[PDB]
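Below is one structure, written out as structure tokens; the observations come after it.
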Amino acid sequence: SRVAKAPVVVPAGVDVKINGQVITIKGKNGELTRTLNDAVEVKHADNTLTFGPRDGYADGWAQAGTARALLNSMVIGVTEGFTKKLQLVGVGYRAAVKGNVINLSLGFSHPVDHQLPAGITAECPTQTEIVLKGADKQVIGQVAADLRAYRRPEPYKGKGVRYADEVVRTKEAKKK
Amino acid sequence: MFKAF
Amino acid sequence: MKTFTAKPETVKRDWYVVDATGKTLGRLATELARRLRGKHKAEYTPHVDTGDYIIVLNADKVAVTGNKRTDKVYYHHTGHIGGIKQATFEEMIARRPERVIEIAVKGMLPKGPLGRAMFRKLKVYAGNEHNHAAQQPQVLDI
Amino acid sequence: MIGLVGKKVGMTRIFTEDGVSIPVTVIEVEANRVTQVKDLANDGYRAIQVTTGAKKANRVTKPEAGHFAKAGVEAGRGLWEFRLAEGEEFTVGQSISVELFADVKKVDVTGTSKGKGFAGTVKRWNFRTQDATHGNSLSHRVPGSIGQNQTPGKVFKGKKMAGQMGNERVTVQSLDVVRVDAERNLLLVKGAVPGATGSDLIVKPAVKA
Amino acid sequence: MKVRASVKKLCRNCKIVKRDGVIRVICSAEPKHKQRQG
RNA sequence: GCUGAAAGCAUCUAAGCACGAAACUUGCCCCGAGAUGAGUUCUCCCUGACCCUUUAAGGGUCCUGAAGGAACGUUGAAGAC
RNA sequence: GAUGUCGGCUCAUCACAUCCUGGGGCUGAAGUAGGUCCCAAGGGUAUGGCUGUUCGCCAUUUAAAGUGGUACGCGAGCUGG
RNA sequence: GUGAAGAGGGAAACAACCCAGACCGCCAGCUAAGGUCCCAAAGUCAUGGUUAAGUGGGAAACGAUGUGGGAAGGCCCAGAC
Ligand SMILES: [Mg+2]
Ligand SMILES: [Mg+2]
Ligand SMILES: [Mg+2]
Ligand SMILES: [Mg+2]
Ligand SMILES: [Mg+2]
Ligand SMILES: [Mg+2]
Ligand SMILES: [Mg+2]
Ligand SMILES: [Mg+2]
Ligand SMILES: [Mg+2]
Ligand SMILES: [Mg+2]
Ligand SMILES: [Zn+2]
């Protein structure tokens with residue numbers, strides 16, 4: 001339970017409220033909230049958030065670490081919005097952003113339109129790359145997966161939607 | 001009357 | 001002398017209201033069946049319905065232990081070949097929540113004309129309110 | 001969406017400039033008067049009950065006469081109900097004409113099919129007839145086997161057998177509206193519809209869309 | 001994915017994980033190595 | 001698949017989320033309150049005398065016979081009856 | 001002191017160890033088309049020549065012409081090769 | 001040994017298994033096998049543990065950081081994993 005033991009610091013500019021099990025985080029980048037489970041105990045007796053297992057719960061230690069991990073990113077989100085970068089590889093693969101909607105061309109016979117979550121923002125510096133910014137790590141990762149799901153990188157040529165840092169193991173086609 | 005030989 | 005036997009037209013019957021919120025299905029059902037059959041009365045008679053009227057509220061808020069909130073399957077046959085139907089506990093709650101209580105109690109009550117008569121005294125509601133205020137039921141903490 | 005109750009006048013052919021012949025069923029849809037409106041607070045569902053046509057007052061029963069008098073409407077052939085959508089609203093005594101379908105391209109027509117009486121399995125279920133020769137003995141169009149010996153030891157429910165055919169409610173879906181003639185209270189729908197000439201007919205906008 | 005009773009690691013990169021009561025092997029080095037018990 | 005600990009990493013899962021098939025529950029069509037748990041809504045009709053004792057959801061005479069139904073007759077693209 | 005055969009005909013019904021259609025993982029998967037495995041039983045799942053034949057071979061089709069249980073389903077239903 | 005030639009209670013139903021040998025009557029009591037939440041007579045009994053699989057309420061070789069307990073060993077605040 002090393003992760004659980006490590007405390008979470010709340011620097012200036014971040015306001016945190018604890019009301020029973022629901023813990024709220026506020027900051028410049030937005031507002032976040034989640035409902036922690038009963039097996040995890042969280043305290044705000046000092047400038048850092050402390051975590052521990054509630055008595056009587058077998059899974060307290062294992063699940064306590066999860067609460068610390070989410071809130072560590074939750075604080076990071078309100079102070080620095082998580083960023084996800086995707087790259088489009090293809091002969092004529094292009095992407096466009098109309099605001100809360102992303103328009104992509106991926107060789108299909110119909111247009112592709114994706115609706116972003118209310119808490120997510122997207123930018124398209126280049127037609128072959130789309131950059132997503134958001135406050136909560138969960139949704140931004142899910143949104144990136146959804147866009148990647150439209151056309152996963154092909155093993156033989158790597159064309160498709162991929163994360164910026166993704167590594168694609170290209171395989172050579174069967175000879176002859 | 002049937003038969004079964 | 002002759003052992004006492006309850007008489008159907010002399011039995012005294014009273015009404016009760018039970019809140020099913022948070023109660024386990026099986027363990028609540030046994031108490032209802034015990035009360036419905038009249039096993040709690042000192043004048044209990046096997047061949048006479050000496051039970052009481054029970055009103056069940058919040059029938060959709062009953063709990064089930066373990067994973068059987070999704071693995072508990074209710075089977076019934078339509079009478080036509082291939083007419084075997086299944087409905088998990090969650091689906092039953094969504095569609096007709098008061099079936100789960102009635103089915104559980106029905107399987108614990110006696111079988112036959114008397115058993116069916118006992119079941120008629122059970123009145124299950126999905127909501128928190130009932131229209132039997134005229135019967136002024138007494139709160140029963142099962 | 002609301003529909004209207006009409007009468008099956010018969011079948012007719014409609015020619016077109018291009019040279020196509022369109023078989024159309026002529027349906028007479030007179031003024032449909034609203035006799036009662038169903039409200040959620042009182043009835044638990046939203047619907048309108050309408051009556052069409054007229055019937056001799058001598059044969060109108062007292063309870064039936066009293067109901068029509070409530071809505072200030074003349075007694076019709078019968079009474080039919082139509083469910084109301086979210087935006088639809090009507091008032092007792094209002095008259096609805098065939099113009100409702102002026103903007104409708106497809107309709108749903110329901111009615112009682114022609115009664116064939118007691119029909120055999122060959123006619124009722126398209127059962128294959130057995131050999132008419134080659135030794136066949138009194139089994140030219142009998143149903144044949146109806147079970148599988150001891151294991152089931154019974155006949156399953158729903159087994160296809162001879163019995164009443166027709167004379168039952170039938171609905172035909174997605175019939176094109178060839179023409180709507182309000183000045184004569186007529187509605188021409190492509191194709192045939194259930195029931196014989198003069199039978200009661202119910203027309204609704206195509207639910208299948 | 002190959003379904004068989006005997007599920008074992010096949011190279012240094014294979015890892016045995018439990019997801020829904022089923023023992024399955026996930027390999028980041030080669031897709032052929034991914035297995036499920038069934 | 002996302003996030004994520006147990007297990008400082010990794011991990012689709014243990015807490016919590018997302019997608020996913022002609023299967024499943026609906027959607028479409030027909031029967032359907034004997035659904036004895038026998039339901040709901042709208043109209044229509046009946047507003048008299050008495051008598052007896054085993055004095056009670058009691059029996060009986062006289063007056064009354066409504067809404068409606070049935071029967072009969074002419075019949076149906078309804079039907080073995 | 002009797003439970004009537006093989007095959008055909010008629011009419012079927014269930015299982016899923018799936019033939020087609022549907023959804024997936026690998027592929028020595030470029031594409032097209034396949035191989036293998038997993039989920040899936042809702043629907044669908046040839047006509048003829050020879051032979052008493054089931055089967056099988058052959059001809060020509062089909063998205064496919066699935067494998068089995070049901071007294072090797074079904075003669076108080078037919079046939080009797 | 002039992003059945004045959006043996007009833008009664010138990011094993012849901014179940015001659016041969018378990019308990020136990022019916023002279024008759026009783027609306028008395030204690031027990032065997034087996035049981036005690038409801039159908040259905042008796043513990044929703046008292047303690048200390050295990051299981052999360054409805055395992056218990058069917059099945060092997062074999063496979064797996066499931067989980068509890070026990071005795072050892074390598075490494076480690078000279079900084080391990
Ligand atoms: Mg003859
Ligand atoms: Mg003949
Ligand atoms: Mg026979
Ligand atoms: Mg039987
Ligand atoms: Mg005999
Ligand atoms: Mg379906
Ligand atoms: Mg052939
Ligand atoms: Mg046979
Ligand atoms: Mg011969
Ligand atoms: Mg003998
Ligand atoms: Zn590997």
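All values below come from the heavy atoms of this structure, side chains included, with hydrogens, waters and symmetry mates left out. Each chain gets a letter, A, B and so on, in the order its sequence line appears, and its residues count up from 1.
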When you measure only distances, ignoring hydrogens and angles, does the side chain of [X] come within 3.5 Å of the base of [N] through a donor and an acceptor?
| X | N | value |
| --- | --- | --- |
| D/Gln130 | G/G77 | yes |
| C/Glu102 | F/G37 | yes |
| C/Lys68 | H/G54 | yes |
| C/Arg27 | H/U44 | yes |
| A/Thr66 | F/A14 | yes |
| A/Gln142 | F/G1 | yes |
| E/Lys32 | G/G28 | yes |
| A/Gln138 | F/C2 | yes |
| D/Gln148 | G/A12 | yes |

Salt-bridge criterion met for A/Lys159 and A/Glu154 (N-O under 4.0 Å) | no
Between C/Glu31 and C/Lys23, does at least one N-O distance fall below 4.0 Å, as a salt bridge requires?
-> no
With heavy atoms under 4.0 Å as the rule, sort [X] into base, sugar-phosphate or nothing.
| X | result |
| --- | --- |
| C/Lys39 | sugar-phosphate |
| D/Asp131 | nothing |
| E/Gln35 | nothing |
| C/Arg37 | sugar-phosphate |
| C/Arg99 | base |
| E/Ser28 | nothing |
| C/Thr3 | base |
| A/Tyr156 | base |
| C/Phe119 | base |
| D/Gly115 | sugar-phosphate |
| D/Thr197 | base |
| D/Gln36 | sugar-phosphate |

Measure from the side-chain heavy atoms of [X] and tell me the nearest of [options].
| X | options | answer |
| --- | --- | --- |
| E/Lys8 | H/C39, H/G63, F/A77 | H/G63 |
| D/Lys62 | F/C45, F/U41, G/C74 | F/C45 |
| B/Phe2 | F/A77, G/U10, G/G4 | G/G4 |
| A/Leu70 | G/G25, F/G4, F/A67 | F/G4 |
| D/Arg169 | F/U25, G/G4, F/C31 | F/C31 |
| A/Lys171 | G/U27, G/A71, F/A5 | G/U27 |
| C/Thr30 | G/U27, F/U41, H/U44 | H/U44 |

So do the side chains of [X] and [Y] get within less than 4.5 Å of each other, counting heavy atoms only?
| X | Y | answer |
| --- | --- | --- |
| C/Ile142 | C/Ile54 | no |
| E/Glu30 | E/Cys11 | no |
| D/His134 | D/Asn136 | no |
| A/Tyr163 | A/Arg148 | yes |
| C/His47 | C/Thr5 | yes |

Under a 3.5 Å cut-off for both contacts, is [N] paired Watson-Crick or G-U wobble with anything, and if yes, with which nucleotide?
| N | answer |
| --- | --- |
| H/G66 | none |
| G/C37 | G/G24 |
| G/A65 | none |
| H/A78 | none |

Which word best sums up how the rings of C/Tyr125 and C/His130 line up, parallel for under 30°, tilted for 30 to 60°, or perpendicular for over 60°?
-> parallel
Between C/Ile84 and D/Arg128, who's closer to the 5' end of RNA chain G by nearest nucleotide?
->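 The residue closer to the strand's 5' end, by nearest nucleotide, is D/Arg128.
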In whole Å, what separates the [atom1] atom of [N] from that of [M]?
| N | M | atom1 | value |
| --- | --- | --- | --- |
| G/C6 | G/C55 | P | 15 Å |
| G/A15 | G/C11 | P | 22 Å |
| F/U43 | F/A35 | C1' | 26 Å |
| H/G73 | H/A60 | P | 37 Å |
| G/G1 | G/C14 | P | 40 Å |
| F/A15 | F/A5 | P | 16 Å |
| G/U53 | G/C72 | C1' | 15 Å |
| F/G39 | F/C44 | P | 23 Å |

Using a 3.5 Å upper limit on both distances, decide if G/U51 and G/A33 constitute a Watson-Crick or G-U wobble pair.
-> no
Hey, do G/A41 and G/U32 pair up, Watson-Crick or G-U wobble, with both distances short of 3.5 Å?
->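 The answer is no: G/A41 does not partner G/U32.
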Pairs counted as Watson-Crick or G-U wobble with both distances under 3.5 Å: what dot-bracket string results for RNA chain F, using | for bases tied to another strand?
-> ((.............))..............................((((((..).)))))...................
Is the shortest side-chain N/O distance from D/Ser199 to OP1 or OP2 of F/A77 below 4.0 Å?
->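 Checking D/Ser199 against F/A77: no side-chain N or O falls below 4.0 Å of OP1 or OP2.
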Would you tabulate the pairs of protein nitrogen or oxygen atoms and nucleotide nitrogen or oxygen atoms of nucleotides 19-23 of chain F closer than 3.5 angstrom?
none

Do C/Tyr44 and C/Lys39 have side-chain atoms, one donor and one acceptor, less than 3.5 Å apart?
->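 No pair is found: no donor N or O on one side chain lies under 3.5 Å from an acceptor on the other.
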Residue met sooner reading RNA chain H from 5', once C/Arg34 and C/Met1 are mapped to nucleotides |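 Looking at RNA chain H, the more 5' nearest nucleotide goes with C/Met1.
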More than 12 heavy atoms of other groups within 6.0 Å of D/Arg83 CZ | no
Tell me, yes or no, whether the heavy-atom count around E/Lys8 atom NZ, taken from other residues, nucleotides or ligands under 6.0 Å, exceeds 12.
->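 It does not: E/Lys8 NZ has 12 such atoms or fewer within range.
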